[PDB]
Amino acid sequence: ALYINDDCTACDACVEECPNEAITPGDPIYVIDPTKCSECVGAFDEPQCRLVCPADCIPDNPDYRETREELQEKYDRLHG
Ligand code: SF4
Ligand code: SF4
């Protein structure tokens with residue numbers, strides 16, 4: 001899964017992009033639920049939140065180096 005840096009500007013521009021509602025608005029920065037973040041697998045080819053993030057603050061979470069299989073499985077548990 002991914003997570004948000006402290007460079008987050010809280011522009012909120014990423015919430016729409018997320019297909020799993022894994023981003024929660026915070027203060028000073030936003031927080032991603034590693035439980036809901038499938039890195040967009042099962043939805044897109046690239047994580048959508050990054051495509052609109054100006055601060056470039058959504059790195060890979062070393063605490064959760066999941067596999068596409070795992071990620072794909074996480075995706076389903078959330079929708080179908
Ligand atoms: S789009 Fe980037 S800066 Fe803006 S809230 Fe999301 S993570 Fe932070
Ligand atoms: S990488 Fe995809 S799944 Fe994870 S937080 Fe961003 S938009 Fe949601």
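Sequence-distant or interchain residues sharing an amide H contact under 5 Å with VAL31, placed H: which?
Amide H to amide H, under 5 Å and 5 or more residues apart or across chains, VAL31 pairs with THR24, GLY26.
Please compute the contact order of the chain in relative form: average sequence separation of alpha-carbon pairs under 8 Å and at least six residues apart, divided by the residue count, as a percent.
38
So what's the net charge close to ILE29: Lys and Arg +1, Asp and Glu -1, counting the other residues with Cβ under 13 Å from its Cβ? Intermediate results must be reported in sequence, preceding the final value.
Numbers: positive: none; negative: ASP6, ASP7, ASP12, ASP27.
Summing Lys/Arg as +1 and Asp/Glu as -1 gives -4.
Using θ = phi - 60° and the Karplus curve 6.51 cos²θ - 1.76 cosθ + 1.60, what whole-Hz ³J(HN,Hα) does each residue of the stretch 48-58 get, with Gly and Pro shown as x?
Going residue by residue, I get 5, 4, 5, 4, 10, 7, x, 6, 6, 10, 10 Hz, with x marking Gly and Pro.
Need the full-extension length gain, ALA43 to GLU69, defined as separation in residues times 0.36 nm minus the C-alpha distance. One decimal, nm.
Details: separation 26, 0.36 × 26 = 9.36 nm, distance 1.34 nm.
In short, 8.0 nm is gained.
Amide H neighbours of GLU39 under 5 Å, counting only residues 5+ apart in sequence or on other chains, H built in-plane at 1.01 Å?
Under 5 Å from the amide H of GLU39 lie the amide H atoms of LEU2, each far enough along the sequence or on another chain.
Output wanted: per-residue J couplings in Hz (rounded whole) for the stretch 23-37, from phi through Karplus 6.51 cos²θ - 1.76 cosθ + 1.60, θ = phi - 60°, x for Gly and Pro.
10, 10, x, x, 6, x, 10, 8, 10, 9, 8, x, 5, 9, 7
Compute the signed sum of charges (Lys and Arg +1, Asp and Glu -1) over the other residues within less than 14 Å, Cβ to Cβ, of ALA43. List each step's numbers first, then the result.
On the way: positive: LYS36, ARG50, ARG68, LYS74, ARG77; negative: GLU16, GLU17, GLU21, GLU39, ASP45, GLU46, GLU73, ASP76.
Net local charge, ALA43 excluded: -3.
In degrees, nearest 10, range 0 to 90: what is the angle between the Cα axis of helix 68-78 and the longest Cα principal axis of the chain?
80
Readers should treat all values here as calculations from the given coordinates under stated rules, not as data from a laboratory. Methodologically, a virtual Cβ is constructed for each residue, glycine included, from the backbone with ideal geometry; neighbour enumeration extends over all protein chains shown.
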